[PDB]
Amino acid sequence: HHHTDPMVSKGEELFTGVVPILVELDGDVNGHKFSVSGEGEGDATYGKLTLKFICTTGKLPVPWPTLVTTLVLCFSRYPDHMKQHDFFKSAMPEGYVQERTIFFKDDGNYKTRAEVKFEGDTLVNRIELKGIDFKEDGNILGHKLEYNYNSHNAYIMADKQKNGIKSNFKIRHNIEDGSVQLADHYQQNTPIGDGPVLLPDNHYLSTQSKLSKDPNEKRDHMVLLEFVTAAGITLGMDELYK
């Protein structure tokens, strides 16, 4: 890697090559307590994540797809002309707090708080999840969601007052009967360290995820292949290719 901005070189230097990932979640949804462990690898050069998650308490009391957004946007591919907008890498290695409220339309809410930071060479995502006001017969506690996932765009805006970022975005979960369960995401990220961070201009992250199962695995689990790419800022003075 070679950038003219030493602040960019610093972040890029930590996400060179393949980085091992640990994910830890403690959850309580309507008093159903559960835990999830995840392991895999991230490759920020390709925006590529490969993760396997296991429910360590037994059967997951909510559908796996409802946890995908909660269960490491520092592995996003930022194109070269946008690297000065990568908040996520700039906060490393001390890390950042990621907070969300997820409103399931006509159902309950998840509240999440995560610390994303390095423990030695390992990127760790440690999460507390609280779920309240879910319908026992609804799409979530009723397990009526399909085991699949769509492509989304998450718009990222600076919050200069907290030296962080915020995002609002909608996830669509396919229901078994061909309908859709909307999940409205509100997100804020703040640095853990007191050092400076890159505060971005408005842009979006483009996501694509595939869910699968390990045919040899007897525990309740999810295999996740995810790609994340930053976009929405164009290159040139009108223009390089014109």
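Residues numbered from 1 in each chain as written, not as in the entry; some residues may be left out. Heavy atoms only, no water.

Method of determination for the deposited model, per the PDB record: X-ray crystallography, at 1.9000 Å resolution.

Glancing now at the packing of aromatic side chains. For the structure on display, the rule yields ten aromatic pairs. Aromatic pair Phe87 and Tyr96: ring centres 6.1 Å apart, planes at 45°, arrangement tilted. Both residues of the pair, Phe87 and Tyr96, belong to the buried class. Relative to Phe134, the ring of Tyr110 lies with its centre 5.4 Å away and its plane at 45°, an arrangement referred to as tilted. Of this pair, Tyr110 sits in strand β5 (residues 109-119) while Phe134 sits in the loop between β6 (122-132) and β7 (152-159), placing them 24 residues apart in sequence. Exposure class is identical for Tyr110 and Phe134. Each is buried. Lying across the ring of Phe15, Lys89 places its NZ or CZ 5.6 Å from the centre. The ring centre of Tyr147 lies 4.3 Å from the NZ or CZ of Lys213, which sits over that ring. (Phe/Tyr/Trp six-rings, centres within 6.5 Å; stacked < 30°, edge-to-face > 60°. Buried < 20%, exposed > 50% of the residue type's maximum accessible area, 1.4 Å probe, protein only. Helix = DSSP H or I, 4+ residues; strand = E, 2+ residues; numbered from the N terminus. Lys NZ or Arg CZ within 6 Å of the ring centre and 35° of its normal.)

Together, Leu235, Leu240 and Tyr241 make up a nonpolar patch on the protein surface, roughly 370 Å² of accessible area in all. Its location among the elements puts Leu235 in the segment after β11 (221-231). In this structure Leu235 comes out as partly exposed when scored by relative accessible area, which is 39%. (Patch = residues over 30% accessible without salt bridge, like charges linked within 9 Å, V, L, I, M, F, W, Y side chains within 5 Å. Areas by Shrake-Rupley, 256 points an atom, 1.4 Å probe, with all protein chains shown as cover. Salt bridge = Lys/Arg side-chain N within 4 Å of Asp/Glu carboxyl O.)

Between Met92 and the following residue, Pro93, the backbone shows a cis peptide bond with an omega angle of 5°. Within the secondary structure, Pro93 sits in the loop between α2 (87-90) and β4 (96-104). Even without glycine at this site, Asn163 takes up a positive phi of about 60°. Secondary-structure assignment places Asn163 in the loop between β7 and β8 (164-174). Using a relative accessible area of 31% as the deciding quantity, one classes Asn163 as partly exposed.

So, on to the environment of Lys33. Inspection of the secondary structure assignment puts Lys33 in strand β2 (residues 32-43). Residue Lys33 is classed as exposed on the basis of its relative accessible area of 64%. When the C-alpha positions of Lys33 and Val23 are compared, they lie 17 Å apart, and in sequence the two are ten residues distant. The residues contacting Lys33, other than those within four sequence positions of it, are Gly27, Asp28 and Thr57. In terms of polar contacts, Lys33 uses its side chain to reach the side chain of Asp28, at 3.0 Å. (Contact = heavy atoms within 4.5 Å. Polar contact = N/O pair within 3.5 Å; in protein donor to acceptor, adjacent residues only side chain to side chain.)

What links the strands of a sheet is backbone hydrogen bonding, and the strands pair in either a parallel or an antiparallel sense. With mixed pairing, the eleven strands of this closed barrel are ordered in space as β1-β2-β3-β11-β10-β7-β8-β9-β4-β5-β6. Within this sheet the neighbouring strands show an average axis-to-axis angle of 20°, counted without direction. In the sheet, strand β1 (residues 19-29) pairs with β2 via eleven bridges, with the strands oriented antiparallel. Its bridge partner being in β2, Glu24 is matched across the sheet by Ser37. (Pairing = 2+ DSSP bridges. Axes fitted to C-alpha atoms, helices over the stretch in contact; angles between N-to-C directions.)

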